[PDB]
Amino acid sequence: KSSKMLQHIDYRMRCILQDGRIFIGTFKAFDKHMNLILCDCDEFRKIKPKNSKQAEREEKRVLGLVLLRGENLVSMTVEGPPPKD
Amino acid sequence: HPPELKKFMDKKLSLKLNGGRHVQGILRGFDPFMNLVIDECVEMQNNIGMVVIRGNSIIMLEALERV
Amino acid sequence: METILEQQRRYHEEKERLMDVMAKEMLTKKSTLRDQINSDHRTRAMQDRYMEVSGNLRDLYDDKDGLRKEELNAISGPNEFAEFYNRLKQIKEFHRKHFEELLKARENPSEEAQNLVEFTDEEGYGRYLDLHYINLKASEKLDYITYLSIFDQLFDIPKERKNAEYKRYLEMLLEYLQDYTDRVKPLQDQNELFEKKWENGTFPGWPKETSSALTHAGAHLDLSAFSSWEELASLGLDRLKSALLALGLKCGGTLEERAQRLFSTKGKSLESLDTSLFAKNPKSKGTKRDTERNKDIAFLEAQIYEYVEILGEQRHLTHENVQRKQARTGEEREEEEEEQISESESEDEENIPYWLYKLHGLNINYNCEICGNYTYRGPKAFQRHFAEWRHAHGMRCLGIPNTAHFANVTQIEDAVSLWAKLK
Amino acid sequence: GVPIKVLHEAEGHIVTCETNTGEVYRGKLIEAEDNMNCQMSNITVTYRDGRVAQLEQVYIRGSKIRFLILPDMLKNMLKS
Amino acid sequence: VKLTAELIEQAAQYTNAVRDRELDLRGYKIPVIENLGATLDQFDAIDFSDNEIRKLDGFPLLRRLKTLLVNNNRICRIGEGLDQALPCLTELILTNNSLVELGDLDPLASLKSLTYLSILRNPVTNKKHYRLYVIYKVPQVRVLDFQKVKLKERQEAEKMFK
Amino acid sequence: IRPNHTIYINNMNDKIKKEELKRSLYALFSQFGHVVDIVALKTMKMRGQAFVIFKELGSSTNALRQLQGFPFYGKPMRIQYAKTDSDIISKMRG
Amino acid sequence: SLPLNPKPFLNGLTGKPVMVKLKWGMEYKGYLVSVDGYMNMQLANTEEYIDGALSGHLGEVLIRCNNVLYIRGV
Amino acid sequence: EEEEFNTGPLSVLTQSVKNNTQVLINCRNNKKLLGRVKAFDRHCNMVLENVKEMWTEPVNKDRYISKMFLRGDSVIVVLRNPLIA
Amino acid sequence: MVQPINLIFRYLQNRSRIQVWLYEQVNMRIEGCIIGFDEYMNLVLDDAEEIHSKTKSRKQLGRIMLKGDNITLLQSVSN
Amino acid sequence: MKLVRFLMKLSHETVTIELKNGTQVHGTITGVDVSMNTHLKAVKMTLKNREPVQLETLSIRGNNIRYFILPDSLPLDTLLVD
RNA sequence: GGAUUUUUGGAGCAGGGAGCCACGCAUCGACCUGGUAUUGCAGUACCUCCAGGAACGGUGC
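Residue numbers (PDB author numbering), protein chains in the order written: chain 2a, 5 to 89; chain 2f, 5 to 48, 54 to 76; chain 2F, 1 to 98, 110 to 143, 149 to 210, 218 to 374, 392 to 463; chain 2g, 4 to 79, 82 to 85; chain 2B, 2 to 163; chain 2C, 3 to 96; chain 2d, 2 to 75; chain 2c, 20 to 76, 89 to 116; chain 2e, 14 to 92; chain 2b, 1 to 82.
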């Protein structure tokens, strides 16, 4: 089917980098190498929150429109549904 | 493909290599793998002459001239 | 030095200018205020609101004004927002800021640079103008907020506050429940819960995925709320809610049942016989632990609650939209999408070849020997070169006289014996 | 690749680049090759210690790039 | 000729001679510093020379701004919250402006990274003890008016004003 | 030596580090016009000297007359019009 | 010698005692049984020298090509 | 290709599958996997049976894994022996 | 223009003694006389040495084939 | 022969995968592709030195896999047939 | 379809101790006090020398 990536397209996605960073953005495009296009993308370092009572967000950075090279990608999970816009 | 480096031919350059290594010299040529020939090369300083840098280990280059 | 009188003066004057601007706005389209005020009504109950007739007929006194579209109303509301920001700033600095020999002393220095030929009509005009973009009439936005763009605040599916996009959260939710038994509409049915959201929870309120989701969603709803109602004092609302959170809970959990007694919000999720045991439970190690770990979540839950209440009309409006689009056909859904799109991207105020050079014979390597061993790229080019200034200069200055006998020349040598054959 | 076409689209725009070593280069993208080799100009570089520098002309190998930030001017390839 | 977003967007932008990103805002007759938000904190240097600014104030939070060239303007006062909007301000050139009283230079004490300061051709320069006053009140300065702040001057400024 | 876009400065305190010298030079000379570039080396030959290049020629002349003998890092600088045209100027002109 | 290339050199060294250094600093001495196109390597009666000291006597061994730093005849 | 699997260095794997013999795999993770080769490929991906994984942490450790797939890049060395015997 | 491969072909012909910078290992470099090489930049070095920049110590190797994987840089030495 | 083909047959199996970066992944395979890119559902993933997190879905770039621990039940001799 | 720019890996491993404060070894760099040389028309790894100071920065183990 080839769909396994195409399914998650347009969705908000949590992507894990090889150094251990967390990139969360809107998954808009990919390719053979898994180079990824991430709209409205932010970077997290310390945590991926599961409602951490102290705070959910530390070392968050707004990046914006991001192209990530697939070499440095480890994994991806669904973070939230597509924004309608 | 070739790397688009004709613009940088016979110019003095600053080369950042892996291992936190840095050298400076004049670009004398290249191939599709981005292996370089660098003349009058200097290890950052000690003069090492004309050398081959394997494109594999090239992080970044910066021109010390205007192209 | 600088006479504070002048500064404070300019301040009061600018404040006056701004008040006048946002008043002119409220004048052309009363909705701007009306809209705002109505919402305010349901947040601060005391607020007095105008006669309904005025609201409907879109009039302030006698004249009924033309109805404006949503995008413009919202725009001007955000513009007025920044205006009110400026005003608040100036008011602040002002609060922080508030002989004859010296008169002649300064009047003397005023003689400085007498030859200053220049017309100066730019103090009140540049301000009045600064708060009132195009050449004449193209963009309603004032020079003050000329780079203000709503589309960078609202997505297309929100339609400047008409709807709130919850599909995304339906996705995340599917990811949370680890199944697919949940439809967009069943998800909205879940949201409606927000006592229910407390005693009939979609999931266990101590579940991680769930609490995280709830956080993200809450944040969204709140930002949407204040986004769609710029004109209302955000800080006021925030503080109101916070105080309701602190004060309502403390005595009895604000949630009381004639049967089970007093419920604890978020941290413990247990009832209590009487207020007495309830109070002596708020110091126990258990409640300390919970209130110390699940505080942010409980508070966020609460916010989701009250903000969703304040937005009941938008929630309903969207749910409706969902059902509609859902009951559309293909063509219908497509045309509707077209409409939402147009509303989104609309002004807030309306008014060579090789196959030919090879065929022709050009771009082919060739050389003339007598001319600088020059290179020529075409064979047609050579005849032109022969009937040429420089080619004849090489011949004649070489001693080989011009014109038509020597035409076929290439090398310098042969035409020398040819010219010896001539003379 | 689809991302590659979008990269070439950013030629002539101001972009940010992080290397594999975490140095951060911001400036005008002159040329982007298919393999992600990047020629840029009038750069600001922010090292891992936080310090900044200024460079006129740079060229970074595609492999040794971790990522790039492109303008939002591009966001508006929605077909795929 | 208000300093506007539109003005900043068409302004010459380049890498200067000391290798920093600089924005050229020279000779526009700007009277008030405002709307800097639109530069997006992308400059290491901003050149405001030859304008009509009266007060060094009105800046948004600009984390990358390290050099401010403010030559030939009419600066007579320095804003009080400057470090809160310009934390890494390292060089401030105020040559040929209107600062007249030593006390008007007081707000520069709050710029923790300020190392290069130039106030030449300002009336304040001729005030008795002007140099020692600056040294004691703005000790973070290392070069004042293109002359090295030396230890002996620091000590001398410690006596007077102790 | 005719008026030139570039001025040649000598008699400068050579103890200042090169990058600091160039940055103070830039600061000082910005008052007269945009300085395009500054060439200063610490070799034996070139130490204590610098070439300051301005976009406008009037700026170079004004700088020369107004800062002649200006105390800079302790010494009075000596300014003069450069002998030749600066490479950057030649490239910007043609 | 008149040009002696990688491939023939290694082929000449088959049937011989070799030592291979790996990138990770381990060393393996044994008789080179064979090599392949990708320069994977097969040793017999292998011995392991770590820190240049005899560590383990291992027998027959495959070394994946990407691990190899260099090979020496010995 | 079979010839190169049969006679080349990979014959170590070819021989282990045919004889159902044990081999120790020194591994990139600093772990060693001791077991039988059910299948292998060019990259030295393997399907392994009766795997004893051994490592160190000083403290030695081990654990039994009946059935598993190894991606071949992690291979450092593969050892055949009088181990099975 | 000089192509990098050709430089090597030159090194080969010259029998200049060569010093190689290795990949991600700074404390050791390798030396030798290139006798031949292949399409992968794998080198056959004669009378080769490990050079410890930290210890100022040399390890004698003789006939070496160095995989090209490790090559960062190729330089010539007078010795 | 091409063992990725074997892995591609393991849809709807539950496995434990150990990653190159030490992370441990337990979930149900929805798909393995030719690059060994692996997709799962009902995933309990434990990064080295954390407590597990549960994800409804997770997608792994193939190269980042160290090894798969397969169900003891798995009938390998069946799956090795082409 | 495992040989330099992506998917058959250059990865792997090493930090507590002493009473909020302070820290082993090696290499390189500005760097800071004094004093001292040099007056020279350029396009730059770097740039006088002499003595003293480093509770300085970066990298590796």
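Ideal Cβ placement from N, Cα and C applies to all residues, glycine included.
Grab me the residues of residue i's own chain with a C-beta within less than 7 Å of its C-beta, minus the 5 sequence neighbours each way, in chain order.
| i | result |
| --- | --- |
| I327 (chain 2F) | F210, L237, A240, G241 and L244 |
| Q42 (chain 2g) | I33, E34 and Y62 |
| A13 (chain 2B) | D25 |
| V53 (chain 2b) | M45 |
| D20 (chain 2F) | none |
| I96 (chain 2c) | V70 and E72 |
Classify residue i as helix, strand or coil using the three-state DSSP reduction.
| i | result |
| --- | --- |
| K2 (chain 2b) | coil |
| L127 (chain 2F) | coil |
| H425 (chain 2F) | helix |
| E26 (chain 2g) | coil |
| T96 (chain 2B) | coil |
| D60 (chain 2e) | strand |
| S457 (chain 2F) | helix |
| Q451 (chain 2F) | coil |
| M38 (chain 2f) | coil |
| residue 167 (chain 2B) | The requested residue 167 (chain 2B) is not part of the displayed model; chain 2B covers only 2 to 163. |
| residue 109 (chain 2e) | Residue 109 (chain 2e) cannot be examined here, being either before or after the span of chain 2e that is shown, 14 to 92. |
| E44 (chain 2e) | strand |
| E63 (chain 2a) | coil |
If you count every other CB in all the chains shown that lies within 10 Å of the CB of residue i, and 16 or more means buried, which is it?
| i | result |
| --- | --- |
| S50 (chain 2B) | buried |
| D21 (chain 2B) | buried |
| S265 (chain 2F) | exposed |
| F162 (chain 2B) | exposed |
| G13 (chain 2d) | exposed |
| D72 (chain 2b) | exposed |
| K32 (chain 2a) | buried |
| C77 (chain 2B) | buried |
Please return the same chain residues whose Cβ sits closer than 8 Å to the Cβ of residue i, not counting the five positions on each side in sequence.
| i | result |
| --- | --- |
| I68 (chain 2g) | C20, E21, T22, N23, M39 and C41 |
| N91 (chain 2c) | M73 |
| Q8 (chain 2F) | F94, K97 and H98 |
| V55 (chain 2g) | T47, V48 and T49 |
| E280 (chain 2F) | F286 and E294 |
Grab me the residues of residue i's own chain with a C-beta within less than 6 Å of its C-beta, minus the 5 sequence neighbours each way, in chain order.
| i | result |
| --- | --- |
| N15 (chain 2C) | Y75, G76 and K77 |
| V27 (chain 2f) | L19, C45 and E47 |
Quick one: which unbroken beta strand (DSSP E) runs of 3-plus residues sit fully inside the stretch 50–86 of chain 2C? Chain order, please.
-> Complete beta strand (DSSP E) runs here, min 3: 52–56 and 80–83.
Which of the residues in the stretch 72–87 of chain 2e, read from start to end, lie with their CB under 9 Å from any CB of chain 2f?
-> Listed by position along the chain: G81, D82, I84, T85, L86 and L87.
Using Cβ-Cβ distances below 9 Å, what residues of the stretch 68–86 of chain 2C are close to chain 2B?
-> With the criterion set as a beta carbon lying under 9 Å from some beta carbon of chain 2B, the members of the stretch 68–86 of chain 2C are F72, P73, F74, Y75 and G76, in sequence order.
Residues of the stretch 32–43 of chain 2e whose Cβ lies closer than 7 Å to any Cβ of chain 2f, in chain order | Within the stretch 32–43 of chain 2e, the qualifying residues are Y36, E37 and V39.
Between the stretch 394–417 of chain 2F and chain 2a, which residues of the former have a C-beta closer than 7 Å to a C-beta of the latter?
-> Taking 7 Å as the Cβ-Cβ cut-off against chain 2a, none of the residues of the stretch 394–417 of chain 2F qualify.
Taking Cβ-Cβ distances below 8 Å as the criterion, which residues of the stretch 46–64 of chain 2e are in contact with chain 2f?
-> Interface annotation for the stretch 46–64 of chain 2e against chain 2f: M54, criterion Cβ-Cβ distance under 8 Å.
What are the start and end residues of each continuous alpha helix (DSSP H) run of 4 or more residues lying completely inside the stretch 7–47 of chain 2d, in chain order?
-> Runs found: 7–14.
What residues from the stretch 46–77 of chain 2b come within 7 Å of chain 2F, judged by C-beta to C-beta, listed N to C?
-> Within the stretch 46–77 of chain 2b, the residues whose Cβ lies closer than 7 Å to some Cβ of chain 2F are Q54, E56 and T57, listed in chain order.
Curious, which full-length alpha helix (DSSP H) runs of at least 4 residues does the stretch 11–67 of chain 2B contain?
-> Fully enclosed alpha helix (DSSP H) runs of 4 or longer: not present.
Got a sec: which bits of the stretch 128–142 of chain 2F sit with their beta carbon under 9 Å from any beta carbon on chain 2B, in order along the chain?
-> For the stretch 128–142 of chain 2F, which is checked against every Cβ of chain 2B, the residues closer than 9 Å are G137 and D141.
Name, going along the chain, the residues of the stretch 100–131 of chain 2B whose beta-carbon falls closer than 8 Å to a beta-carbon of chain 2C.
-> Residues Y117 and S119.
Output, in sequence order along the chain, the residues in the stretch 21–49 of chain 2g whose CB is closer than 9 Å to any CB in chain 2a.
-> Listed in sequence order: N23, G25 and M39.
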